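Position one of the sequence shown corresponds to residue 16 (this note's numbering), numbered consecutively onward. Note that CB positions come from ideal geometry on N, CA and C, so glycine has one too. To start, the structure itself, in structure tokens.
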Amino acid sequence: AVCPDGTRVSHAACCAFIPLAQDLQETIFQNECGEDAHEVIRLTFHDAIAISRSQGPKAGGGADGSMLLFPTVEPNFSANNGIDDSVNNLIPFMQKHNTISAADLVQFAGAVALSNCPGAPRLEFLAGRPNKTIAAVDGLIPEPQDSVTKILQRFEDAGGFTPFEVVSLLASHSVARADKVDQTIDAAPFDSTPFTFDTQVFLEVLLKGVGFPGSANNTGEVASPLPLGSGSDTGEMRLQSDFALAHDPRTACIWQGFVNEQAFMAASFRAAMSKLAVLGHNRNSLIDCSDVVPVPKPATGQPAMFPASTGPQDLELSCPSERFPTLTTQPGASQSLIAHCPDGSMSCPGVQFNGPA
Ligand code: HEM
Ligand SMILES: *[C@@H]1O[C@H](CO)[C@@H](O[C@@H]2O[C@H](CO)[C@@H](O)[C@H](O)[C@H]2NC(C)=O)[C@H](O)[C@H]1NC(C)=O
Ligand SMILES: *[C@H]1O[C@H](CO)[C@@H](O)[C@H](O)[C@@H]1O
Ligand SMILES: [Ca+2]
Ligand SMILES: [Ca+2]
Ligand SMILES: [Sm+3]
Numbered sequence: 016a017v018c019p020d021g022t023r024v025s026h027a028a029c030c031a032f033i034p035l036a037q038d039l040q041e042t043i044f045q046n047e048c049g050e051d052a053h054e055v056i057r058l059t060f061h062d063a064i065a066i067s068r069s070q071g072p073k074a075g076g077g078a079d080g081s082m083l084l085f086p087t088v089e090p091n092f093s094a095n096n097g098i099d100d101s102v103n104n105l106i107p108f109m110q111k112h113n114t115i116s117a118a119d120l121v122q123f124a125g126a127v128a129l130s131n132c133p134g135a136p137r138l139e140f141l142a143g144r145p146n147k148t149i150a151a152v153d154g155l156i157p158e159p160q161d162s163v164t165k166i167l168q169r170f171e172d173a174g175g176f177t178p179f180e181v182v183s184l185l186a187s188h189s190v191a192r193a194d195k196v197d198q199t200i201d202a203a204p205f206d207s208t209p210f211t212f213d214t215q216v217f218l219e220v221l222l223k224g225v226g227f228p229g230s231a232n233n234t235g236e237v238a239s240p241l242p243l244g245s246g247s248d249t250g251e252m253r254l255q256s257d258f259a260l261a262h263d264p265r266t267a268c269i270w271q272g273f274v275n276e277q278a279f280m281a282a283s284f285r286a287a288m289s290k291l292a293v294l295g296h297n298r299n300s301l302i303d304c305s306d307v308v309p310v311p312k313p314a315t316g317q318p319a320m321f322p323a324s325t326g327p328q329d330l331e332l333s334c335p336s337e338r339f340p341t342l343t344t345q346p347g348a349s350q351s352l353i354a355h356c357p358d359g360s361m362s363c364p365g366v367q368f369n370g371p372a
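Next comes the structure, spelled out in structure tokens:
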């Protein structure tokens, strides 16, 4: 088909996603992999994972837009703490771009946001999820204090995910920060490059922790290898769950497998997101609109590196059968601050709408 703007696309049904991408980029992402992109990418996962094979359809409809359609239910569960701002940012798009369902809007917006993160894959995007569902029940969202057994079980119950797929999806923590785990600090990143979809998170979670970016006894948090912060440039935070996954016998070799393996990490993330984005649906019933997902920013191609203040002597390795790669170390005697802002500054407040969530 040829869309009103002149773009030739695979299917006429995909045309409406072109002005939706443009509006999302102009209004909330500004083509950056920043705070508002990060919040939307987390929303794609919390919308989709709230589904349970064992409990039946009444527990939740998966990638069904339930967070937007029932903004006062799930966003208020304690495991969904902080999800409200992303829901309030996307509801105005649901109302304006009103030929696209809330469910499709959530997944597409996640794809567009990810496209702004250098090294991300260009996600598959299928369209056609209905615009009516139910509110999910509580307890379906994994939490950072959860054990690996609990987490792997949640993902298997939700959609048959394998432990490989689960760790693959956690490549999203390469572009992720925390505001609620420690109430005294904002936007504590999970790796030293939270605006770049690289493999640093897999490397850095394997370093010995030496302190905390904020206070020392928050639920779901463990010691960080790069806890130094100053002004708005908050130190790195480490989640108990990511730490546990990196060291458990079921997942340790998969975790290490992504260190310094950018294209493998990106292709694996894409395959698992392909599955996540259609939870609650038969993929044979959705039409393929992958061609209207923006082309991602390319990585620079540089290998992973130990941040200054760290080195191979700091590794806490857990995979007996695979060789840890030989990496260089960024020069410098002490930790560099991790920038609060994509252009390296500290002053970049993201667009935020008020709303019902
Ligand atoms: C065991 C599974 C996971 C757990 C327990 C987990 C936990 C968390 C926690 C606690 C935060 C911090 C929220 C805050 O306090 O502000 C967070 C942030 C984030 N997570 Fe995860 N997560 C997991 C899986 C995922 C997956 C599968 C994705 C996406 C495909 C995802 C994407 C992100 C993003 C992008 C952020 C950053 C949001 C922001 O910076 O505002 N997470 N995660
Ligand atoms: C999907 O459902 C939502 C919620 O019912 C619809 O949102 C309404 O959209 C109209 C414009 O079409 C607005 O006047 C309303 O304010 C919106 N309602 C709410 C509660 O925000 C949306 O239009 C539906 N989309 C599709 C494709 O059917
Ligand atoms: C970042 O900053 C640290 C000091 O905070 C340096 O040691 C490093 O070389 C890099 O410039
Ligand atoms: Ca949902
Ligand atoms: Ca990163
Ligand atoms: Sm946030």
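- Around ligand 4, the residues whose beta-carbon falls short of 5 Å from at least one of its heavy atoms are 62, 65, 79, 81, given in chain order.
- Scanning 309, 364, 189, 305 for the CA closest to the CA of residue 29 turns up 305.
- Along the segment 21-67, the alpha helix (DSSP H) occurs as fully enclosed runs of 4 or more residues at 32-39, 50-64, listed in sequence order.
- Closest in C-alpha terms to residue 239, from the list 371, 331, 178, 170, comes 331.
- Using a Cβ distance threshold of 9 Å, residue 250 and residue 229 count as a contacting pair.
- Residue 131 sits buried, since 16 or more C-beta atoms from the chains shown fall within 10 Å of its C-beta.
- Here residue 99 is actually not in contact with residue 81; their C-beta atoms are around 14 Å apart, not less than 8 Å.
- The shortest C-alpha to C-alpha distance from residue 94 to any of 60, 107, 68, 70 is the one to 60.
- By the neighbour-count criterion, in which 16 or more other beta carbons inside 10 Å mark a residue as buried, residue 256 falls on the buried side.
- With 6 Å as the limit, the residues whose C-beta approaches a heavy atom of ligand 5 more closely than that are 189, 190, 206, 208, 209, 211, 213, 215, 216, in chain order.
- Restricted to the segment 201-265, not a single beta strand (DSSP E) segment is unbroken, complete and at least 3 residues in length.
- Taking a contact to require three or more Cβ pairs closer than 8 Å, the segment 347-360 and the segment 283-295 do not qualify as touching.
- Residue 17 is bridged by DSSP to 23.
- For residue 117, the CB falls within less than 8 Å of some heavy atom of ligand 2.
- Partner residues in the beta bridge of residue 192, as assigned by DSSP, are 204.
- For residue 361, there is no enclosing alpha helix (DSSP H), as DSSP marks it with neither H nor E.
- In the DSSP annotation of this structure, the continuous segment of the alpha helix (DSSP H) that includes residue 289 starts and ends at 277-291.
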